[PDB]
Amino acid sequence: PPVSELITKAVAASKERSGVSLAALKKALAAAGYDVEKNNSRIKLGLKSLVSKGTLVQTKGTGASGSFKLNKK
DNA sequence: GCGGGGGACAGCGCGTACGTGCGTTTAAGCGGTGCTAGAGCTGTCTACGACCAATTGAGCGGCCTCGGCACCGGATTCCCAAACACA
């Protein structure tokens with residue numbers, strides 16, 4: 001399954017008012033059996049694609065270093 | 001021993017400052033010349049310090065006193081850490 005679903009599912013499972021950090025996303029995908037080490041660069045890209053698709057709102061920071069929430073709009 | 005909160009450490013981004021490279025300029029390095037100030041050595045003779053015996057008073061041990069400082073309690077003050085006021 002593509003990493004955009006795994007990320008969206010992790011952000012939905014940890015839904016809050018702040019927003020899953022990249023470190024929490026790493027932890028959730030690793031707990032989901034996804035190798036976050038080798039494919040970290042893929043994650044940053046896929047995450048960026050999800051922000052560029054507007055599917056994730058950046059709530060703090062800039063780019064992948066930030067916190068993110070599912071764009072309910 | 002325990003609760004917790006701040007700091008250490010991890011991850012990311014970015015932007016500019018440092019490394020690499022190239023061409024030009026500059027002055028370091030080398031050699032060579034010349035000059036003279038001063039370092040190094042020597043002889044003299046003289047004032048200056050070591051040595052010694054005698055004198056003595058300055059300093060050291062021993063005693064004694066009191067005041068400066070330590071201590072205690074009581075009152076004063078000074079940050080602090082919430083804490084709510086209020087925009």
# chains A, B, ... in the order shown; residues from 1 in each chain; ligands from 1

$ residues_around --residues "region 54-62 of chain A" --least-positions-apart "6" --cutoff "12 Å" --atoms "only C-alpha atoms (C1' of nucleotides)" --output "PyMOL selection string"
(chain A and resi 4-5+7-9+11-12+15-22+46-48+68-73) or (chain B and resi 12-14)

$ residues_around --residues "residue 10 (chain A)" --least-positions-apart "3" --cutoff "7 Å" --atoms "only C-alpha atoms (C1' of nucleotides)" --output "PDB file with C-alpha atoms, in the first residue's frame"
ATOM      1  CA  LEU A   6      -0.336   4.817   5.816  1.00  0.00           C
ATOM      2  CA  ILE A   7       0.363   8.466   6.726  1.00  0.00           C
ATOM      3  CA  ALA A  13      -5.625   7.349  14.430  1.00  0.00           C
ATOM      4  CA  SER A  14      -3.671   9.982  16.388  1.00  0.00           C
ATOM      5  CA  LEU A  25       4.571   9.689  12.328  1.00  0.00           C
ATOM      6  CA  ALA A  28       3.274   5.121  14.144  1.00  0.00           C
TER       7      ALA A  28
END

$ interface_residues --of "chain A" --to "chain B" --cutoff "12 Å" --atoms "only C-alpha atoms (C1' of nucleotides)" --output "PyMOL selection string"
chain A and resi 21-24+26+40-41+44+61-66

$ write_last_selection --atoms "N, CA, C and O atoms" --output "PDB file, in the first residue's frame"
ATOM      1  N   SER A  21       3.500  14.994  14.949  1.00  0.00           N
ATOM      2  CA  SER A  21       4.815  15.390  14.472  1.00  0.00           C
ATOM      3  C   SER A  21       5.449  14.297  13.614  1.00  0.00           C
ATOM      4  O   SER A  21       5.042  13.134  13.636  1.00  0.00           O
ATOM      5  N   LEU A  22       6.460  14.701  12.839  1.00  0.00           N
ATOM      6  CA  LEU A  22       7.235  13.754  12.042  1.00  0.00           C
ATOM      7  C   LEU A  22       7.795  12.616  12.888  1.00  0.00           C
ATOM      8  O   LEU A  22       7.883  11.475  12.423  1.00  0.00           O
ATOM      9  N   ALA A  23       8.194  12.906  14.126  1.00  0.00           N
ATOM     10  CA  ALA A  23       8.680  11.848  15.008  1.00  0.00           C
ATOM     11  C   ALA A  23       7.558  10.896  15.404  1.00  0.00           C
ATOM     12  O   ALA A  23       7.743   9.673  15.412  1.00  0.00           O
ATOM     13  N   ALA A  24       6.380  11.435  15.714  1.00  0.00           N
ATOM     14  CA  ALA A  24       5.234  10.577  15.986  1.00  0.00           C
ATOM     15  C   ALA A  24       4.804   9.801  14.744  1.00  0.00           C
ATOM     16  O   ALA A  24       4.382   8.648  14.852  1.00  0.00           O
ATOM     17  N   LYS A  26       6.844   8.803  12.327  1.00  0.00           N
ATOM     18  CA  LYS A  26       7.835   7.734  12.301  1.00  0.00           C
ATOM     19  C   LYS A  26       7.469   6.609  13.255  1.00  0.00           C
ATOM     20  O   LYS A  26       7.499   5.430  12.882  1.00  0.00           O
ATOM     21  N   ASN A  40      12.653   6.838   4.801  1.00  0.00           N
ATOM     22  CA  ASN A  40      12.485   8.184   5.348  1.00  0.00           C
ATOM     23  C   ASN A  40      12.418   9.271   4.276  1.00  0.00           C
ATOM     24  O   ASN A  40      11.504  10.106   4.288  1.00  0.00           O
ATOM     25  N   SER A  41      13.285   9.188   3.263  1.00  0.00           N
ATOM     26  CA  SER A  41      13.245  10.161   2.173  1.00  0.00           C
ATOM     27  C   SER A  41      11.975  10.039   1.352  1.00  0.00           C
ATOM     28  O   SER A  41      11.460  11.047   0.856  1.00  0.00           O
ATOM     29  N   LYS A  44       9.287  11.825   3.602  1.00  0.00           N
ATOM     30  CA  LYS A  44       9.339  13.273   3.440  1.00  0.00           C
ATOM     31  C   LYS A  44       8.730  13.682   2.108  1.00  0.00           C
ATOM     32  O   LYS A  44       8.004  14.680   2.033  1.00  0.00           O
ATOM     33  N   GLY A  61       5.874  24.932  12.358  1.00  0.00           N
ATOM     34  CA  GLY A  61       7.064  24.693  11.573  1.00  0.00           C
ATOM     35  C   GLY A  61       6.868  24.946  10.087  1.00  0.00           C
ATOM     36  O   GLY A  61       5.856  25.471   9.626  1.00  0.00           O
ATOM     37  N   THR A  62       7.888  24.547   9.334  1.00  0.00           N
ATOM     38  CA  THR A  62       7.887  24.636   7.880  1.00  0.00           C
ATOM     39  C   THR A  62       8.271  23.286   7.295  1.00  0.00           C
ATOM     40  O   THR A  62       9.261  22.683   7.719  1.00  0.00           O
ATOM     41  N   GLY A  63       7.497  22.821   6.320  1.00  0.00           N
ATOM     42  CA  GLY A  63       7.755  21.525   5.733  1.00  0.00           C
ATOM     43  C   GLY A  63       7.654  20.350   6.697  1.00  0.00           C
ATOM     44  O   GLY A  63       6.986  20.394   7.732  1.00  0.00           O
ATOM     45  N   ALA A  64       8.345  19.272   6.314  1.00  0.00           N
ATOM     46  CA  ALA A  64       8.255  17.994   7.016  1.00  0.00           C
ATOM     47  C   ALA A  64       8.664  18.073   8.480  1.00  0.00           C
ATOM     48  O   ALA A  64       8.334  17.162   9.245  1.00  0.00           O
ATOM     49  N   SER A  65       9.374  19.118   8.892  1.00  0.00           N
ATOM     50  CA  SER A  65       9.743  19.213  10.300  1.00  0.00           C
ATOM     51  C   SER A  65       8.582  19.615  11.197  1.00  0.00           C
ATOM     52  O   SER A  65       8.760  19.650  12.419  1.00  0.00           O
ATOM     53  N   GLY A  66       7.417  19.917  10.641  1.00  0.00           N
ATOM     54  CA  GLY A  66       6.330  20.504  11.392  1.00  0.00           C
ATOM     55  C   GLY A  66       5.431  19.521  12.115  1.00  0.00           C
ATOM     56  O   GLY A  66       5.782  18.365  12.365  1.00  0.00           O
TER      57      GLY A  66
END

$ select_by_dssp --residues "chain A" --states "strand (DSSP E or B)" --output "list in words"
residues 20, 21, 56, 57, 58, 59, 60, 67, 68, 69 and 70 of chain A

$ write_last_selection --atoms "N, CA and C atoms" --output "PDB file, in the first residue's frame"
ATOM      1  N   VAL A  20       0.070  15.404  14.792  1.00  0.00           N
ATOM      2  CA  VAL A  20       1.150  14.425  14.728  1.00  0.00           C
ATOM      3  C   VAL A  20       2.413  15.082  14.188  1.00  0.00           C
ATOM      4  N   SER A  21       3.500  14.994  14.949  1.00  0.00           N
ATOM      5  CA  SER A  21       4.815  15.390  14.472  1.00  0.00           C
ATOM      6  C   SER A  21       5.449  14.297  13.614  1.00  0.00           C
ATOM      7  N   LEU A  56      -3.047  17.484   3.988  1.00  0.00           N
ATOM      8  CA  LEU A  56      -2.562  17.803   5.325  1.00  0.00           C
ATOM      9  C   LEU A  56      -2.275  19.293   5.459  1.00  0.00           C
ATOM     10  N   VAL A  57      -2.811  19.890   6.520  1.00  0.00           N
ATOM     11  CA  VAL A  57      -2.488  21.248   6.941  1.00  0.00           C
ATOM     12  C   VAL A  57      -1.254  21.248   7.834  1.00  0.00           C
ATOM     13  N   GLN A  58      -0.272  22.072   7.463  1.00  0.00           N
ATOM     14  CA  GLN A  58       0.854  22.414   8.327  1.00  0.00           C
ATOM     15  C   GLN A  58       0.372  23.318   9.451  1.00  0.00           C
ATOM     16  N   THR A  59       0.529  22.879  10.699  1.00  0.00           N
ATOM     17  CA  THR A  59       0.060  23.683  11.817  1.00  0.00           C
ATOM     18  C   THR A  59       1.184  24.403  12.546  1.00  0.00           C
ATOM     19  N   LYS A  60       2.421  23.935  12.406  1.00  0.00           N
ATOM     20  CA  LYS A  60       3.581  24.590  12.990  1.00  0.00           C
ATOM     21  C   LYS A  60       4.812  24.159  12.213  1.00  0.00           C
ATOM     22  N   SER A  67       4.249  20.020  12.467  1.00  0.00           N
ATOM     23  CA  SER A  67       3.082  19.257  12.886  1.00  0.00           C
ATOM     24  C   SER A  67       2.004  19.347  11.811  1.00  0.00           C
ATOM     25  N   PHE A  68       1.177  18.306  11.696  1.00  0.00           N
ATOM     26  CA  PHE A  68       0.264  18.222  10.566  1.00  0.00           C
ATOM     27  C   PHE A  68      -1.086  17.719  11.052  1.00  0.00           C
ATOM     28  N   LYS A  69      -2.151  18.181  10.392  1.00  0.00           N
ATOM     29  CA  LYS A  69      -3.497  17.669  10.638  1.00  0.00           C
ATOM     30  C   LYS A  69      -4.237  17.379   9.340  1.00  0.00           C
ATOM     31  N   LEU A  70      -5.118  16.381   9.388  1.00  0.00           N
ATOM     32  CA  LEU A  70      -5.975  16.068   8.249  1.00  0.00           C
ATOM     33  C   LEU A  70      -6.855  17.270   7.931  1.00  0.00           C
TER      34      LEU A  70
END

$ select_by_dssp --residues "chain A" --states "helix (DSSP H, G or I)" --output "PyMOL selection string"
chain A and resi 3-13+22-31+40-52+63-65

$ write_last_selection --atoms "N, CA and C atoms" --output "compact mmCIF listing (two decimals), in the first residue's frame"
# COMPACT_ATOMS: atom_id res chain seq x y z
N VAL A 3 2.40 4.88 0.77
CA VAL A 3 2.72 5.60 2.01
C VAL A 3 1.75 6.74 2.32
N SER A 4 1.12 7.32 1.30
CA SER A 4 0.09 8.33 1.55
C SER A 4 -1.10 7.79 2.35
N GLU A 5 -1.52 6.55 2.09
CA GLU A 5 -2.56 5.98 2.94
C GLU A 5 -2.05 5.71 4.35
N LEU A 6 -0.87 5.11 4.48
CA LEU A 6 -0.34 4.82 5.82
C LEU A 6 -0.21 6.08 6.66
N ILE A 7 0.29 7.17 6.06
CA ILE A 7 0.36 8.47 6.73
C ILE A 7 -1.03 8.99 7.07
N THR A 8 -1.98 8.91 6.14
CA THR A 8 -3.31 9.43 6.42
C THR A 8 -3.97 8.66 7.55
N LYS A 9 -3.82 7.34 7.54
CA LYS A 9 -4.32 6.48 8.61
C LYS A 9 -3.67 6.79 9.95
N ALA A 10 -2.35 6.96 9.98
CA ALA A 10 -1.66 7.35 11.21
C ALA A 10 -2.12 8.71 11.73
N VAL A 11 -2.33 9.68 10.85
CA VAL A 11 -2.82 10.99 11.29
C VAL A 11 -4.27 10.91 11.77
N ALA A 12 -5.06 10.01 11.18
CA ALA A 12 -6.44 9.81 11.63
C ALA A 12 -6.51 9.07 12.97
N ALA A 13 -5.65 8.07 13.17
CA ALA A 13 -5.62 7.35 14.43
C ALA A 13 -5.12 8.21 15.58
N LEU A 22 6.46 14.70 12.84
CA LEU A 22 7.24 13.75 12.04
C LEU A 22 7.79 12.62 12.89
N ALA A 23 8.19 12.91 14.13
CA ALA A 23 8.68 11.85 15.01
C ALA A 23 7.56 10.90 15.40
N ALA A 24 6.38 11.44 15.71
CA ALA A 24 5.23 10.58 15.99
C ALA A 24 4.80 9.80 14.74
N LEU A 25 4.86 10.42 13.56
CA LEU A 25 4.57 9.69 12.33
C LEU A 25 5.56 8.55 12.09
N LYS A 26 6.84 8.80 12.33
CA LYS A 26 7.84 7.73 12.30
C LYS A 26 7.47 6.61 13.25
N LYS A 27 7.14 6.95 14.50
CA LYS A 27 6.77 5.93 15.48
C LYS A 27 5.53 5.14 15.06
N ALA A 28 4.49 5.82 14.57
CA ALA A 28 3.27 5.12 14.14
C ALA A 28 3.50 4.21 12.94
N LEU A 29 4.26 4.66 11.94
CA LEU A 29 4.54 3.80 10.79
C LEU A 29 5.46 2.64 11.15
N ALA A 30 6.47 2.87 11.99
CA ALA A 30 7.31 1.77 12.44
C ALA A 30 6.49 0.76 13.24
N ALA A 31 5.61 1.24 14.12
CA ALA A 31 4.69 0.35 14.82
C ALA A 31 3.74 -0.35 13.85
N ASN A 40 12.65 6.84 4.80
CA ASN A 40 12.49 8.18 5.35
C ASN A 40 12.42 9.27 4.28
N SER A 41 13.28 9.19 3.26
CA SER A 41 13.25 10.16 2.17
C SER A 41 11.98 10.04 1.35
N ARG A 42 11.46 8.82 1.19
CA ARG A 42 10.16 8.65 0.57
C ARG A 42 9.06 9.26 1.42
N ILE A 43 9.14 9.09 2.75
CA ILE A 43 8.14 9.68 3.64
C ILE A 43 8.12 11.19 3.50
N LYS A 44 9.29 11.83 3.60
CA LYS A 44 9.34 13.27 3.44
C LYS A 44 8.73 13.68 2.11
N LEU A 45 9.01 12.93 1.05
CA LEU A 45 8.40 13.26 -0.23
C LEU A 45 6.89 13.05 -0.19
N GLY A 46 6.44 11.86 0.24
CA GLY A 46 5.01 11.60 0.29
C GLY A 46 4.27 12.57 1.18
N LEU A 47 4.86 12.90 2.32
CA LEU A 47 4.28 13.90 3.21
C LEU A 47 4.18 15.24 2.49
N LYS A 48 5.26 15.65 1.83
CA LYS A 48 5.22 16.87 1.03
C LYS A 48 4.14 16.79 -0.04
N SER A 49 3.99 15.64 -0.69
CA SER A 49 2.93 15.53 -1.67
C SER A 49 1.57 15.71 -1.02
N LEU A 50 1.38 15.13 0.16
CA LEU A 50 0.11 15.31 0.85
C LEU A 50 -0.12 16.76 1.26
N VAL A 51 0.94 17.48 1.64
CA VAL A 51 0.75 18.91 1.89
C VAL A 51 0.47 19.64 0.58
N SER A 52 1.22 19.32 -0.48
CA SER A 52 0.95 19.93 -1.78
C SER A 52 -0.43 19.58 -2.33
N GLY A 63 7.50 22.82 6.32
CA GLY A 63 7.76 21.52 5.73
C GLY A 63 7.65 20.35 6.70
N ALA A 64 8.34 19.27 6.31
CA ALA A 64 8.25 17.99 7.02
C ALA A 64 8.66 18.07 8.48
N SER A 65 9.37 19.12 8.89
CA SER A 65 9.74 19.21 10.30
C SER A 65 8.58 19.61 11.20

$ atom_distance --atom1 "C1' of residue 9 (chain B)" --atom2 "CA of residue 35 (chain A)"
22.5 Å

$ decode --residues "region 34-66 of chain B" --atoms "N, CA, C and O atoms (P, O5', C5', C4', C3', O3' and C1' of nucleotides)" --output "tab-separated table (two decimals), in the first residue's frame"
chain	number	residue	atom	x	y	z
B	34	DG	P	82.41	45.40	-1.18
B	34	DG	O5'	81.90	46.28	0.05
B	34	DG	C5'	80.98	47.34	-0.17
B	34	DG	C4'	80.59	48.00	1.14
B	34	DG	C3'	81.74	48.19	2.13
B	34	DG	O3'	81.71	49.53	2.63
B	34	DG	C1'	79.92	47.14	3.19
B	35	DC	P	82.90	50.09	3.56
B	35	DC	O5'	82.13	50.54	4.88
B	35	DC	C5'	80.80	51.04	4.78
B	35	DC	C4'	80.17	51.20	6.15
B	35	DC	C3'	81.15	51.46	7.29
B	35	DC	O3'	80.55	52.33	8.24
B	35	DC	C1'	79.99	49.46	7.70
B	36	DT	P	81.44	53.27	9.18
B	36	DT	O5'	80.84	53.03	10.65
B	36	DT	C5'	79.47	52.72	10.80
B	36	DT	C4'	79.26	51.85	12.03
B	36	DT	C3'	80.23	52.11	13.18
B	36	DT	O3'	79.56	52.03	14.43
B	36	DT	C1'	80.33	49.86	12.61
B	37	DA	P	79.13	53.35	15.24
B	37	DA	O5'	78.00	52.84	16.25
B	37	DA	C5'	76.86	52.13	15.76
B	37	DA	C4'	76.65	50.82	16.53
B	37	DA	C3'	76.90	50.90	18.03
B	37	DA	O3'	75.99	50.06	18.68
B	37	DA	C1'	78.32	49.28	17.08
B	38	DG	P	75.61	50.29	20.22
B	38	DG	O5'	75.87	48.87	20.88
B	38	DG	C5'	75.62	47.71	20.11
B	38	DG	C4'	76.62	46.61	20.40
B	38	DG	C3'	77.04	46.50	21.87
B	38	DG	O3'	77.10	45.13	22.22
B	38	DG	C1'	78.92	46.56	20.54
B	39	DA	P	76.34	44.60	23.53
B	39	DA	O5'	76.76	43.06	23.59
B	39	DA	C5'	76.67	42.28	22.42
B	39	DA	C4'	77.85	41.33	22.32
B	39	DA	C3'	78.30	40.72	23.64
B	39	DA	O3'	78.77	39.41	23.42
B	39	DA	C1'	80.07	41.97	22.72
B	40	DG	P	78.71	38.31	24.58
B	40	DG	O5'	80.24	37.87	24.72
B	40	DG	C5'	81.02	37.73	23.55
B	40	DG	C4'	82.49	37.86	23.86
B	40	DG	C3'	82.89	37.48	25.28
B	40	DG	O3'	84.01	36.61	25.24
B	40	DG	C1'	83.73	39.63	24.75
B	41	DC	P	84.52	35.85	26.55
B	41	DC	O5'	86.01	36.39	26.72
B	41	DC	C5'	86.85	36.51	25.58
B	41	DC	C4'	88.06	37.38	25.88
B	41	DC	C3'	88.66	37.18	27.27
B	41	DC	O3'	90.04	36.88	27.16
B	41	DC	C1'	88.26	39.49	26.86
B	42	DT	P	90.90	36.58	28.49
B	42	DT	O5'	91.60	37.98	28.82
B	42	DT	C5'	92.29	38.67	27.79
B	42	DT	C4'	93.09	39.84	28.35
B	42	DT	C3'	93.67	39.62	29.74
B	42	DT	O3'	94.93	40.27	29.84
B	42	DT	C1'	92.23	41.48	29.79
B	43	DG	P	95.94	39.88	31.03
B	43	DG	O5'	96.18	41.24	31.82
B	43	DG	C5'	96.80	42.34	31.16
B	43	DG	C4'	96.69	43.62	31.97
B	43	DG	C3'	97.08	43.50	33.44
B	43	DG	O3'	97.68	44.71	33.86
B	43	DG	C1'	94.86	44.22	33.29
B	44	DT	P	98.54	44.78	35.21
B	44	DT	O5'	97.81	45.90	36.08
B	44	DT	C5'	96.75	46.65	35.51
B	44	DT	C4'	96.42	47.86	36.37
B	44	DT	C3'	96.86	47.76	37.81
B	44	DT	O3'	96.72	49.03	38.41
B	44	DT	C1'	94.55	47.39	37.69
B	45	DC	P	97.79	49.57	39.47
B	45	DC	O5'	97.01	50.77	40.18
B	45	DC	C5'	95.70	51.09	39.75
B	45	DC	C4'	94.69	50.82	40.85
B	45	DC	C3'	95.31	50.51	42.21
B	45	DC	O3'	95.34	51.71	43.03
B	45	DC	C1'	93.44	49.06	41.70
B	46	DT	P	94.08	52.14	43.96
B	46	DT	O5'	92.80	51.92	43.03
B	46	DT	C5'	91.72	52.85	43.06
B	46	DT	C4'	90.53	52.27	43.80
B	46	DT	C3'	90.51	52.53	45.31
B	46	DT	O3'	89.19	52.82	45.72
B	46	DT	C1'	90.31	50.24	44.91
B	47	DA	P	88.92	53.88	46.89
B	47	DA	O5'	87.36	53.68	47.19
B	47	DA	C5'	86.45	53.49	46.12
B	47	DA	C4'	85.68	52.19	46.31
B	47	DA	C3'	84.88	52.08	47.60
B	47	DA	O3'	83.69	51.35	47.36
B	47	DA	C1'	86.41	50.32	47.50
B	48	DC	P	82.39	51.58	48.27
B	48	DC	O5'	81.64	50.17	48.19
B	48	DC	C5'	82.10	49.18	47.27
B	48	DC	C4'	82.09	47.81	47.91
B	48	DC	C3'	81.27	47.71	49.19
B	48	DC	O3'	80.68	46.43	49.27
B	48	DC	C1'	83.47	47.07	49.63
B	49	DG	P	79.20	46.26	49.86
B	49	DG	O5'	79.21	44.78	50.45
B	49	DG	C5'	79.63	43.71	49.62
B	49	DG	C4'	80.49	42.73	50.40
B	49	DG	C3'	79.90	42.26	51.74
B	49	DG	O3'	80.18	40.88	51.92
B	49	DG	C1'	82.03	43.16	52.09
B	50	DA	P	79.26	39.98	52.88
B	50	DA	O5'	80.29	38.92	53.49
B	50	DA	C5'	81.21	38.24	52.64
B	50	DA	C4'	82.43	37.75	53.41
B	50	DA	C3'	82.14	37.11	54.76
B	50	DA	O3'	83.10	36.08	54.99
B	50	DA	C1'	83.48	39.01	55.09
B	51	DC	P	82.81	34.90	56.05
B	51	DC	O5'	84.05	34.98	57.05
B	51	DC	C5'	84.81	36.18	57.15
B	51	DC	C4'	85.65	36.19	58.41
B	51	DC	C3'	84.96	35.62	59.64
B	51	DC	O3'	85.93	35.00	60.48
B	51	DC	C1'	85.30	37.94	59.93
B	52	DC	P	85.47	34.33	61.87
B	52	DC	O5'	85.83	35.46	62.95
B	52	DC	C5'	87.03	36.24	62.82
B	52	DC	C4'	87.28	37.03	64.09
B	52	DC	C3'	86.49	36.57	65.30
B	52	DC	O3'	87.29	36.74	66.48
B	52	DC	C1'	85.85	38.76	64.77
B	53	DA	P	86.91	35.95	67.82
B	53	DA	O5'	86.80	37.11	68.92
B	53	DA	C5'	87.91	38.01	69.10
B	53	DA	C4'	87.49	39.25	69.86
B	53	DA	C3'	86.58	39.01	71.06
B	53	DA	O3'	86.93	39.89	72.12
B	53	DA	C1'	85.54	40.48	69.53
B	54	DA	P	86.09	39.88	73.49
B	54	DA	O5'	85.18	41.18	73.40
B	54	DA	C5'	85.78	42.47	73.40
B	54	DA	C4'	84.74	43.57	73.53
B	54	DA	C3'	83.75	43.38	74.67
B	54	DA	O3'	83.37	44.66	75.17
B	54	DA	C1'	82.58	43.41	72.63
B	55	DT	P	82.16	44.83	76.21
B	55	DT	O5'	80.91	45.20	75.29
B	55	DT	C5'	81.04	46.17	74.27
B	55	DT	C4'	79.86	47.12	74.25
B	55	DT	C3'	79.02	47.17	75.51
B	55	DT	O3'	78.36	48.43	75.58
B	55	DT	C1'	77.84	46.03	73.76
B	56	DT	P	77.18	48.70	76.63
B	56	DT	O5'	75.87	48.27	75.82
B	56	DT	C5'	75.55	48.91	74.59
B	56	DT	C4'	74.22	48.40	74.08
B	56	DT	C3'	73.08	48.42	75.09
B	56	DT	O3'	71.88	48.80	74.46
B	56	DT	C1'	73.32	46.27	74.24
B	57	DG	P	71.24	50.25	74.71
B	57	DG	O5'	69.91	50.21	73.82
B	57	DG	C5'	69.99	49.99	72.42
B	57	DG	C4'	69.03	48.89	71.98
B	57	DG	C3'	67.62	49.00	72.57
B	57	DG	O3'	66.67	48.52	71.62
B	57	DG	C1'	68.55	46.95	73.17
B	58	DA	P	65.89	49.54	70.66
B	58	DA	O5'	65.34	48.61	69.49
B	58	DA	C5'	66.24	47.89	68.67
B	58	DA	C4'	65.82	46.43	68.52
B	58	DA	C3'	64.32	46.18	68.38
B	58	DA	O3'	64.13	45.08	67.50
B	58	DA	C1'	65.10	45.06	70.28
B	59	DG	P	62.75	44.87	66.72
B	59	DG	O5'	62.36	43.37	67.11
B	59	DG	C5'	63.31	42.33	66.92
B	59	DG	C4'	63.09	41.20	67.91
B	59	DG	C3'	61.65	40.69	68.01
B	59	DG	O3'	61.67	39.30	68.21
B	59	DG	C1'	62.40	41.29	70.11
B	60	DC	P	60.67	38.33	67.42
B	60	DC	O5'	60.65	37.01	68.32
B	60	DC	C5'	61.85	36.53	68.95
B	60	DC	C4'	61.51	35.93	70.30
B	60	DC	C3'	60.09	35.39	70.42
B	60	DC	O3'	60.09	34.17	71.16
B	60	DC	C1'	60.46	36.96	72.10
B	61	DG	P	58.88	33.13	71.02
B	61	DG	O5'	58.62	32.66	72.53
B	61	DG	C5'	59.73	32.25	73.34
B	61	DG	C4'	59.41	32.36	74.82
B	61	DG	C3'	58.04	31.86	75.24
B	61	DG	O3'	58.13	31.26	76.52
B	61	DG	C1'	58.24	34.15	75.78
B	62	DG	P	56.93	30.37	77.10
B	62	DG	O5'	56.71	30.96	78.57
B	62	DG	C5'	57.18	32.26	78.89
B	62	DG	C4'	56.39	32.85	80.05
B	62	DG	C3'	54.99	32.28	80.21
B	62	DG	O3'	54.54	32.53	81.54
B	62	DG	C1'	54.83	34.49	79.46
B	63	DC	P	53.19	31.86	82.10
B	63	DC	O5'	52.30	33.12	82.53
B	63	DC	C5'	52.80	34.43	82.32
B	63	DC	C4'	52.13	35.43	83.24
B	63	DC	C3'	50.69	35.12	83.58
B	63	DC	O3'	50.30	35.85	84.74
B	63	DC	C1'	50.79	36.82	81.92
B	64	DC	P	48.77	35.82	85.23
B	64	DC	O5'	48.13	37.10	84.52
B	64	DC	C5'	48.75	38.38	84.69
B	64	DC	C4'	47.83	39.49	84.20
B	64	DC	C3'	46.34	39.22	84.33
B	64	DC	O3'	45.66	40.42	84.66
B	64	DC	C1'	46.90	39.56	82.05
B	65	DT	P	44.08	40.40	85.00
B	65	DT	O5'	43.48	41.45	83.95
B	65	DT	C5'	44.34	42.03	82.99
B	65	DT	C4'	43.68	43.19	82.28
B	65	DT	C3'	42.18	43.29	82.46
B	65	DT	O3'	41.74	44.59	82.09
B	65	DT	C1'	42.71	42.37	80.32
B	66	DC	P	40.21	45.02	82.29
B	66	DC	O5'	39.64	45.10	80.80
B	66	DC	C5'	40.17	46.04	79.88
B	66	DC	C4'	39.67	45.74	78.48
B	66	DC	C3'	38.15	45.78	78.31
B	66	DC	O3'	37.83	46.14	76.98
B	66	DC	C1'	38.91	43.64	77.83
